[PDB]
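Every number in this text was worked out from the coordinates using simple rules, so none of it is lab data. As a convention, Cβ positions derive from the backbone with ideal geometry for all residues, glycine included, and neighbour counts pool all protein chains shown.
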Amino acid sequence: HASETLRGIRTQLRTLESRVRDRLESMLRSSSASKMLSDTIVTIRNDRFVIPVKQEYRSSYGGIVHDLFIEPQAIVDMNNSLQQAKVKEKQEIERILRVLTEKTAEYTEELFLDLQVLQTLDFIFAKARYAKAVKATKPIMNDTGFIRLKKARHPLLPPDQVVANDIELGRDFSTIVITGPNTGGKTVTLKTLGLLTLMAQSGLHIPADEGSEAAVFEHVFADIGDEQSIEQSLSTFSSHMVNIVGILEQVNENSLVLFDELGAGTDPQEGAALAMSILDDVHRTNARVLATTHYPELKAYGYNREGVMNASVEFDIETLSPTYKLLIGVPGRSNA
Amino acid sequence: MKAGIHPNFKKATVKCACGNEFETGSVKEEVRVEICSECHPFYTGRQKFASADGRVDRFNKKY
Amino acid sequence: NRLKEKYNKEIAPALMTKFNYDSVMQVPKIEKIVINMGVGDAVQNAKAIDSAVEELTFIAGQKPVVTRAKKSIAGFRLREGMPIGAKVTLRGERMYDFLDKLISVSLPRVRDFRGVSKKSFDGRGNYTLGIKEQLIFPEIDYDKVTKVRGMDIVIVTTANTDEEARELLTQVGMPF
Amino acid sequence: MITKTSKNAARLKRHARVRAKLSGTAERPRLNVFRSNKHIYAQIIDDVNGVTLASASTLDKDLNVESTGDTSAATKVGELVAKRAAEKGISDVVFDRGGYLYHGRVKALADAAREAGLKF
RNA sequence: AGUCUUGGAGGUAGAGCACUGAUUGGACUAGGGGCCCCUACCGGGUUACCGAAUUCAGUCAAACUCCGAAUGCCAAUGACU
RNA sequence: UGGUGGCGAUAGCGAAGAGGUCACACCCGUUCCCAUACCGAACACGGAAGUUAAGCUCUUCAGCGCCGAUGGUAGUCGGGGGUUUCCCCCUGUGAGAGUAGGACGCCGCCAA
């Protein structure tokens, strides 16, 4: 149905092949000729139908010896016509492929616009399938630099292993200092606030409950590092200090800043003094700050400064285990 | 199958140097090989080395 | 297995649809594979008959037969009843395993294998060879190999024409 | 294109080879047995007149079994043939194995006939 | 014993190629000789110089018959001499 | 339809169609019975995934092959004759091939 020429070539091929088979069969049912053959059956050599032939019978035949195997002279013309029909076939197919190229060339704008529409829809629908797949809510997303992660969860933990915490920042206070011994909830609270902020600022739903709010920061800053390897505790203090210097050069009122154990890896009094002075420097920019510390001196910090709030992580002395529950407004006590 | 006149047939995992694994009932419990079907170039279609070196001479008129 | 399922699921249906057969079992089938050794060199080496008999038992567990001269000849110093060559008939899982081993190792193991003979179709629909090397595939124990004369293999099929047999062999994997 | 003759041809050549020496006459009729891929049939015939005296098969409605080609089915067919030959007082019979080996179902039927009382 | 009657065994004259042999002409013919070209007796171009085999037609056979008489022999039932 | 016998291939070879839901065969494997100078190829062991291609049945034809007249002819028992390495006449008998024609089968038993 592509072209009448292609239909005629298909008819020529099938009729010429049928004439080949009928001519071979008329040779093969001839009783006088059956003596000269190896077999009364068709065979193929070199992309041709051929007769199988007795080697001693050679000079009796009218045909091309392939191998005996012989292509009879009356069928050479038929096979040549079939070859010309294959040439006409591939010419027809290349012509039709050029016509299809033209018909695609006519609808270029439609194909590109449909491709853009479907890539937009696949992007939108994949985001929404992810948002349903982690059972997550739309954050109420604001220019006021304000956060309220209701019952917030660390996204990288299992939903049954994680502990849910209310985190609120950037309304009554711009800075929170989480105080207390190095219990595994301090750093996890920092990473939770940071992860959920980057998720939310990308329009990906967060593991926090309905009516949660999150902030449209112009920048996010982090000094969250592992104390890697005791061959390098001053490479840790120095690495933190180099990162802190880089944060202090760039921070503004539209920034989130996350600080893990400010001034760690040195003398605790100098570390606490550095930490207070760095927090005061950043706090004056009206940046949103979450900091952790084990330093006792920083337990007084959020009582003595307007716009700062103290927090701690709850610890069970009866089990010797962290509860990972954040207590906002309560400074951490030591239990050593 | 006569009794005891023939050796015991055992399923073996024919191995190749290229990693191809073939299984055939053989006398040996295992058969290590270097060139399997796919490893041999003829089975790889137009082999790269052969298809590259099979060019005809050009009289060496480069110089 | 590894060959029976492949055949029944790819070669039979495809070939049936290609050749437009009027029945299911009209598809040509490989009935058997006969392996022969041919040698009357036994005249000069009486122990040569033992050769290719211990090798054939390892090639295929089926013990060969000590075929004997059906007619005497003076040109070859032969007398009727003297042993000449060996015969083996593989029918069943044995022939499938032999085909698998062959295709997988023997042909690719040959150094100068390229475009096997197309000629050696019977006309009738069978396919016929005389491997000239006695150590073609690994079960021949190169170390224990002393003589170098290979084997006759004769593939027999129910094909009524050479064309359909060629198609069957090519679809099976015969690298023509 | 390997071809092989049908088993029935071989069976007929064997049956003719057997009949070349034995035959059924009065007071000594034959006992033919025919194997089928799903059944088995037995007949008592007089070669002199070309007339059958009694017959049986796995298709009979009496003494039937679901095996249809088992040693037990052959034994029951032989018992039924012997019962028929007792009802029709021939009192004697000669066994005509239809080229089949006296190994399996044929042997079972013959033993059934012997146990019933058909003296060969 | 003779025949009127029937049924037999049989391979002789006759005829014949359906076996085994001899053989004539025609069509075809693998293959072998001769001019030879270069030329590893490898490749060809030809021959009415011969020709296995097949085919068409046509001949002959005590020790050749796909066939087969007339006569002669055996005996029987019914019959006359 | 299957099994089983007689009748001289007028039955047989060759070419084309239709039949398996039953029945008969193809077919699936070898644990059991049995086996192959090698083998489930054959013979056996149990069954029914599918197949009417083949085997087997019903049809068609005169192509190989077969049967096959009448008449005449050759030959010939007996009698007779002649130029007698042979021939002729009479009573009777009577070939082969060739044809005309027939034929792609007839009947007996048993089960369904």
The stretch D:21-120: mean projected area of Cα convex hull, nm²: 6.0
Dipole of chain C, positive end: most advanced residue of C:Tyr96, C:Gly125, C:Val148 [Cβ charges, Cα centre]: C:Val148
The stretch C:96-176 - convex hull of the alpha-carbon atoms, volume per residue in Å³: 93
Shielding score for C:98-104, defined as the mean number of other chain Cβ atoms within 10 Å: 5
For the stretch A:177-336: rounded, prolate or oblate by the Cα gyration tensor [a/c cutoff 1.5]: rounded
For A:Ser202, net neighbour charge (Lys/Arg +1, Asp/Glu -1) across residues whose Cβ lies under 14 Å away: +2
q = 0.12, 0.17, 0.20 Å⁻¹, the stretch A:14-137: log10 I(q)/I(0) [Debye, one scatterer per Cα]: -0.63, -0.91, -1.07
Simple spin-label estimate for A:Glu109 and C:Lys132 in nanometres, 7 Å along Cα-Cβ: 7.2
Cα-derived Rg over Rh, computed across the stretch A:86-227 with Rh taken as Kirkwood radius: 1.33
Distant alpha-carbon pairs in chain C (separation over 18 angstrom), percent: 66
Within chain B, helix-based [θ] at 222 nm, where runs of 4 or more DSSP H residues each add -39,500 (n - 2.57), nearest 500: -2000 deg cm²/dmol
Within chain A, percent of DSSP bridges classed antiparallel, to nearest 5: 50
Global geometry of the stretch A:1-71, whether rounded, prolate or oblate, following the gyration tensor of its Cα atoms and the 1.5 cut on a/c: prolate
At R0 = 22 Å, FRET efficiency that the Cβ-Cβ distance of D:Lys7 and D:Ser57 yields, to 0.05: 0.70
Virtual spin-label span in nm between A:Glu249 and A:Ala131, 7 Å along Cα→Cβ: 3.8
Translational diffusion coefficient (Stokes-Einstein; Kirkwood radius from C-alpha pairs) of chain A at 20 °C, 1.002 mPa s, in µm²/s: 79
Tail beyond 46 Å, pair distance distribution of the protein assembly as shown (Cα, percent): 61
Simple Cβ-charge dipole of the protein assembly as shown, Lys/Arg +1 and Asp/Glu -1, about Cα centre, in debye nearest 20: 6480
Exercise: per-residue mean of other protein chain Cβ atoms within 10 Å, C:163-174: 2
Counting DSSP beta bridges with both ends in the stretch D:21-120, the antiparallel % (nearest 5): 95
Highest to lowest packing among A:269-277, B:12-20, scored as the average C-beta count within 10 Å: A:269-277, B:12-20
Calculated diffusion of chain B, Stokes-Einstein form, Kirkwood radius summed over Cα pairs, 25 °C and 0.890 mPa s, µm²/s: 160
DSSP beta bridge pairing in the protein assembly as shown, given as percent antiparallel to the nearest 5: 70
Proximal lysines to A:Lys135, defined as alpha-carbon separation beneath 17 angstrom and excluding residues fewer than eight positions away on the same chain: A:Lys127, A:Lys150, A:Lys151
Estimated 222 nm signal from helices in chain A, with DSSP H stretches of n ≥ 4 weighted -39500 (n - 2.57), rounded to 500: -14500 deg cm²/dmol
Mean residue ellipticity (222 nm) of chain D, computed from DSSP H runs ≥ 4 via -39,500 (n - 2.57), nearest 500: -11500 deg cm²/dmol
Label-point separation in nm, B:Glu23 to D:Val48, each point 7 Å along Cα→Cβ: 6.8
Rounded to the nearest 20 debye, dipole of the stretch D:21-120 from Cβ charges on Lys, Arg, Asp, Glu: 220
Listed residue (D:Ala82, C:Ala60, D:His39) projecting farthest to the positive dipole end of the protein assembly as shown, Cβ model: D:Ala82
Local electrostatic count, A:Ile75, Cβ distance below 14 Å [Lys/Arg +1, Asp/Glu -1]: -1
Within-14-Å neighbourhood charge of B:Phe42 [Cβ basis; K, R +1; D, E -1]: +3
Theoretical FRET efficiency, 1/(1+(r/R0)^6), r = Cβ-Cβ of D:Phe34 and A:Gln91, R0 56 Å, to 0.05: 0.25
Estimated vicinal HN-Hα couplings, Hz - the stretch A:79-84 in sequence order (Karplus 6.51, -1.76, 1.60; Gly, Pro = x): 6, 5, 5, 5, 5, 5
Peptide B:23-32, shielding by other chains (average Cβ, 10 Å cutoff): 6
Cβ-Cβ FRET estimate between A:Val76 and D:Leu22, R0 fixed at 51 Å, reported to 0.05: 0.20
